[PDB]
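# Structural description and commentary
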Amino acid sequence: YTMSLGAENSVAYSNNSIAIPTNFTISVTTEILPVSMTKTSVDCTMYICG
Amino acid sequence: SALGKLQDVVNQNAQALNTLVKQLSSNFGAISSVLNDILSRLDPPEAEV
Amino acid sequence: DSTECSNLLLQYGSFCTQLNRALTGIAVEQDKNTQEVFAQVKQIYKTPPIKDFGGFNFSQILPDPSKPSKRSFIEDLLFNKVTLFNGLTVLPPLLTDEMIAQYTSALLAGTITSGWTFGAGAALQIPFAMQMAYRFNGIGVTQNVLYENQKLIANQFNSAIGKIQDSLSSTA
Amino acid sequence: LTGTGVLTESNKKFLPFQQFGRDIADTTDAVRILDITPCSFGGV
Amino acid sequence: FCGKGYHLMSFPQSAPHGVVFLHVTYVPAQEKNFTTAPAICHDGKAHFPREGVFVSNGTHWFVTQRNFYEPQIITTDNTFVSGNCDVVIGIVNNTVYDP
Ligand SMILES: *[C@@H]1O[C@H](CO)[C@@H](O)[C@H](O)[C@H]1NC(C)=O
Ligand SMILES: *[C@@H]1O[C@H](CO)[C@@H](O)[C@H](O)[C@H]1NC(C)=O
Ligand SMILES: *[C@@H]1O[C@H](CO)[C@@H](O)[C@H](O)[C@H]1NC(C)=O
Ligand SMILES: *[C@@H]1O[C@H](CO)[C@@H](O)[C@H](O)[C@H]1NC(C)=O
Ligand SMILES: *[C@@H]1O[C@H](CO)[C@@H](O)[C@H](O)[C@H]1NC(C)=O
């Protein structure tokens, strides 16, 4: 199929109309960030010759 | 798959290391990929080539 | 298409797989870059049919229904201002220019209809004059400054947009 | 087959037709049966 | 930068080769429409909110805070006056309580 970018909704804009929230939500999300990689060392002489 | 980024980093490192190890067993145009075999089968000149 | 060369390459190792893997990773991360940059919002907001934004004129940046890929005037100017075998293939991007234009239009509509409220949750409509008053208060200038200089500020914004149009059109 | 290492008794099971035994990297690991282990080495 | 929504706080956690941030954010919900006015004409002077917006439910005008519907009677304490209201585009008539 052709991927959809998301639900298409038109905001009820008017020059004298505002929308205020009456409630809230405490949302806890997780962000995962790599910080290091395995520290590898190679003995060049042994690897090439052995 | 919630830790996809970390798992991907680990996979890249491991795959690169494994590719190196596998490349350690290629002829590159030599008679054999085993240095001991070349040394035991050939005399100095062609051994070194 | 050389069997002898292919046989010679076989016994040379696995460099071909490494190179192909690197190029594939590059392409995947390019698609990821485009997605991360342009796909901030997952709702395609639409600008209203009546455009009464307190005197501000965004027609130069909003999509034109003429369907030139449904890109704004400045977007068309930018696209027209950039001048673009042996196993070498060019892969198409995951997101087409039309979809990227849709994303940018959604971002524009959200910004001009609801301000920053659409990035913290559900878009909240607000008159554009009041949104600009919010922003003026944000930079440390009271609201009355805007509400008393609304016409002047709208004219200055329109003139600036026109100047950007001219600079992108003529100046190289 | 020339090599250098330590020969040890092996718990692996070689079928009667098998002579050498290779682990990953295609380096000989056992020979008819004795396991081969590289002599202790490392960095300093 | 620290999660979608208005960032409140975050907690770090370790991982094998990285970190995991638990971002606690505030996300508004349960929207409701209102009619707004940039300012208020009272005694021939324009009043603007000190901090908040002027809203009306159907008939009455309150001054609430932007991110949470907490309406309050318009007063000289929560509004500031700036000149007459012949220049503001879209000002509305109402009474400003004097406490
Ligand atoms: C806000 O939502 C909670 C549940 O998420 C509900 O218990 C509470 O009554 C709501 N408050 C209002 C004012 O709607
Ligand atoms: C109230 O706002 C919603 C969107 O926030 C809109 O769909 C609806 O039309 C508005 N109310 C009226 C009476 O138009
Ligand atoms: C608006 O609010 C005021 C005070 O809270 C109330 O007296 C009035 O009935 C409300 N009107 C509507 C239409 O809700
Ligand atoms: C809003 O627009 C309507 C026409 O759609 C107009 O009658 C009204 O005066 C305008 N109000 C403001 C505050 O711009
Ligand atoms: C507000 O009141 C003044 C006089 O008190 C009047 O001239 C003006 O027309 C009123 N505003 C509106 C929108 O009716």
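cryo-EM is the method the PDB entry lists for this structure, together with a resolution of 2.93 Å.

Counting from both sides, the interface comprises 23 residues of chain A and, opposite them, 31 residues of chain E. Summed over the shared surface of chain A and chain E, the result is zero salt bridges. Taken together, chain A and chain E are joined by 15 residue pairs in polar contact. Looking at the side of chain A that touches chain E residue by residue, the class counts come to 12 nonpolar, 10 polar and one charged. Note that strand β2 (residues 18–34) of chain A and strand β2 (residues 18–36) of chain E share 16 bridges and pair antiparallel. In the sheet register, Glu31(A) faces β2(E), and the bridge partner there is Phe21(E).

Further remarks concern the pattern of salt bridges. Tallied over the full model, the rule gives four salt bridges over all chains. Between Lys46(C) and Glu8(A) there is a salt bridge whose closest N-O contact spans 3.5 Å. With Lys46(C) in strand β1 (residues 43–46) and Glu8(A) in strand β1 (residues 7–10), this pair bridges two chains. Taking relative accessible area as the criterion, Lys46(C) reaches 41% and is therefore assigned partly exposed. Between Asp29(D) and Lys12(D) there is a salt bridge, with the nearest N and O atoms lying 2.3 Å from each other. Of this pair, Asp29(D) sits in strand β3 (residues 28–31) while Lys12(D) sits in the loop between β1 (6–9) and β2 (20–22); the two residues are 17 residues apart in sequence, bridging distant segments of the chain.

Rules used throughout
- Residues numbered from 1 in each chain as written, not as in the entry; some residues may be left out.
- Chains lettered and ligands numbered in written order.
- Part of a larger assembly, values for the part shown.
- Heavy atoms only, no water.
- Contact = heavy atoms within 4.5 Å.
- Salt bridge = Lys/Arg side-chain N within 4 Å of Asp/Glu carboxyl O.
- Polar contact = N/O pair within 3.5 Å; in protein donor to acceptor, adjacent residues only side chain to side chain.
- Nonpolar A, V, L, I, M, F, W, Y, C, P; charged D, E, K, R; others polar.
- Pairing = 2+ DSSP bridges.
- Helix = DSSP H or I, 4+ residues; strand = E, 2+ residues; numbered from the N terminus.
- Buried < 20%, exposed > 50% of the residue type's maximum accessible area, 1.4 Å probe, protein only.

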